[PDB]
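Accompanying notes for the structure given below.
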Amino acid sequence: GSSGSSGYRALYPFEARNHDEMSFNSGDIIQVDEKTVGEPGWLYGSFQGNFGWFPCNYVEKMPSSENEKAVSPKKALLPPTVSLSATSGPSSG
């Protein structure tokens with residue numbers, strides 16, 4: 001439960017009553033980005049076609065789905081790439 005999304009649940013339904021504010025209802029997960037920095041006592045997140053700055057309160061940090069099973073995603077190798085020709089020599093006759 002760290003580095004990579006946060007996960008929040010909108011307590012009450014708030015309306016974007018500002019310039020670049022967000023709009024969401026209660027019972028809606030708020031993909032808050034615990035990285036973006038800006039305002040002091042403000043929290044920025046990204047919801048269904050809704051992205052703005054909201055007050056740190058309305059939302060309530062949710063649990064990591066009742067504890068999580070530490071998974072270790074081993075590293076995998078990817079195949080190479082191949083380029084192709086372009087353009088060409090047109091004519092005029």
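Order determines the names: the first chain of the structure tokens is A, the second B, and so forth; residues in each chain are numbered 1 upward, and ligands are numbered 1 upward as they are shown.
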
Within 12 Å of segment 66-78 of chain A, counting only C-alpha atoms, which residues qualify if same-chain residues fewer than 4 places away don't, as an mmCIF file with N, CA and C atoms, in the first residue's frame?
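Once everything was written out, this is part13.cif:
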data_model
loop_
_atom_site.group_PDB
_atom_site.id
_atom_site.type_symbol
_atom_site.label_atom_id
_atom_site.label_comp_id
_atom_site.auth_asym_id
_atom_site.auth_seq_id
_atom_site.Cartn_x
_atom_site.Cartn_y
_atom_site.Cartn_z
ATOM 1 N N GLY A 1 0.823 -1.197 0.000
ATOM 2 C CA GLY A 1 0.000 0.000 0.000
ATOM 3 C C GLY A 1 0.867 1.261 0.000
ATOM 4 N N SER A 2 1.584 1.447 -1.098
ATOM 5 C CA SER A 2 2.453 2.603 -1.237
ATOM 6 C C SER A 2 3.009 2.672 -2.660
ATOM 7 N N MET A 62 -9.159 4.996 2.344
ATOM 8 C CA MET A 62 -9.722 3.665 2.496
ATOM 9 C C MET A 62 -8.622 2.623 2.703
#

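Close contacts of residue 43 of chain A, defined as residues with an atom at most 7 Å away when counting only C-alpha atoms, with chain neighbours fewer than 3 positions off set aside, comprise residues 53, 54, 55 and 56 of chain A.
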
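When only C-alpha atoms are used to compute distances to residue 61 of chain A, the closest of the residues A:81, A:92, A:18, A:5 turns out to be A:5.
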
Find the distance between atom CA of residue 10 of chain A and atom CA of residue 24 of chain A and write it in Å to one decimal.
->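 That distance, rounded to one decimal, is 7.3 Å.
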
Students should find that atom CA of residue 16 of chain A and atom CA of residue 63 of chain A are spaced 25.8 Å

Write out as number ranges by chain each polymer residue whose atoms come within 9 Å of residue 30 of chain A, counting only C-alpha atoms; drop sequence neighbours fewer than 3 positions from it.
-> A: 6-10, 24, 45-48, 59

Identify all residues of chain A in strand (DSSP E or B) (DSSP on the backbone) and supply them as a PyMOL selection string.
-> chain A and resi 8-10+14+24+29-32+42-47+50-55+59-61

What is the atom CA of residue 15 of chain A to atom CA of residue 3 of chain A distance in Å?
->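 Atom CA of residue 15 of chain A sits 28.6 Å away from atom CA of residue 3 of chain A.
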